[PDB]
Amino acid sequence: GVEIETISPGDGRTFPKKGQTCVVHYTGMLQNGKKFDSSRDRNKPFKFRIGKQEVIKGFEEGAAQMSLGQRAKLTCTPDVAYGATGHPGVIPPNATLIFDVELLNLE
């Protein structure tokens with residue numbers, strides 16, 4: 001369950017493939033909650049690769065459904081990242097996560 005709301009500018013064709021180290025300007029948000037993690041804060045925009053399950057499933061599936069320049073908006077379901085477990089101190093159990101995802105990638 002990945003719902004994509006793309007802010008219009010981009011190219012619409014440069015999709016992430018397998019093993020491509022790609023760069024995302026993410027900005028996390030909790031439903032009826034504040035921020036918890038942001039690549040804008042560290043200004044190190046999280047050079048991660050596709051296909052190793054490094055990122056969560058709500059963020060991995062939102063990456064391949066975007067293209068270069070595009071600015072989508074994730075609505076991550078709880079049961080893909082932390083719905084039953086929950087992270088201690090950051091993400092509670094059964095949380096619907098929100099991400100300001102822009103795909104300005106490499107490779």
# chains A, B, ... in the order shown; residues from 1 in each chain; ligands from 1

call {"tool": "residues_around", "arguments": {"residues": "region 62-70 of chain A", "least_positions_apart": "3", "cutoff": "12 Å", "atoms": "only C-alpha atoms", "output": "VMD selection string"}}
result
chain A and resid 1 to 26 48 to 51 55 to 59 73 to 77 98 to 107

call {"tool": "residues_around", "arguments": {"residues": "residue 82 (chain A)", "least_positions_apart": "6", "cutoff": "7 Å", "atoms": "only C-alpha atoms", "output": "JSON, numbers by chain"}}
result
{"A": [91, 93, 94]}

call {"tool": "write_last_selection", "arguments": {"atoms": "N, CA and C atoms", "output": "compact mmCIF listing (two decimals), in the first residue's frame"}}
result
# COMPACT_ATOMS: atom_id res chain seq x y z
N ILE A 91 9.42 5.59 16.18
CA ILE A 91 8.19 5.20 15.49
C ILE A 91 7.40 4.25 16.37
N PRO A 93 4.31 1.52 17.45
CA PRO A 93 3.55 0.50 16.72
C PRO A 93 2.24 1.06 16.17
N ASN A 94 1.89 0.56 14.98
CA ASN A 94 0.71 0.95 14.20
C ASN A 94 0.72 2.45 13.89

call {"tool": "closest_residue", "arguments": {"among": "A:35, A:95, A:43, A:28", "to": "residue 81 (chain A)", "atoms": "only C-alpha atoms"}}
result
A:95

call {"tool": "residues_around", "arguments": {"residues": "residue 92 (chain A)", "least_positions_apart": "6", "cutoff": "12 Å", "atoms": "only C-alpha atoms", "output": "list in words"}}
result
residues 30, 31, 33, 36, 78, 79, 81, 82, 83, 84, 85 and 86 of chain A

call {"tool": "select_by_dssp", "arguments": {"residues": "region 13-47 of chain A", "states": "alpha helix (DSSP H)", "output": "PyMOL selection string"}}
result
chain A and resi 39-42

call {"tool": "write_last_selection", "arguments": {"atoms": "N, CA and C atoms", "output": "PDB file, in the first residue's frame"}}
result
ATOM      1  N   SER A  39      16.483  14.083   5.537  1.00  0.00           N
ATOM      2  CA  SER A  39      17.729  14.300   4.817  1.00  0.00           C
ATOM      3  C   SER A  39      18.034  15.774   4.605  1.00  0.00           C
ATOM      4  N   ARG A  40      17.042  16.651   4.772  1.00  0.00           N
ATOM      5  CA  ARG A  40      17.300  18.084   4.716  1.00  0.00           C
ATOM      6  C   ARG A  40      18.068  18.564   5.937  1.00  0.00           C
ATOM      7  N   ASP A  41      17.862  17.918   7.084  1.00  0.00           N
ATOM      8  CA  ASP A  41      18.526  18.349   8.307  1.00  0.00           C
ATOM      9  C   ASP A  41      20.011  18.021   8.266  1.00  0.00           C
ATOM     10  N   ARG A  42      20.348  16.787   7.896  1.00  0.00           N
ATOM     11  CA  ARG A  42      21.745  16.392   7.808  1.00  0.00           C
ATOM     12  C   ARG A  42      22.418  16.949   6.562  1.00  0.00           C
TER      13      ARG A  42
END
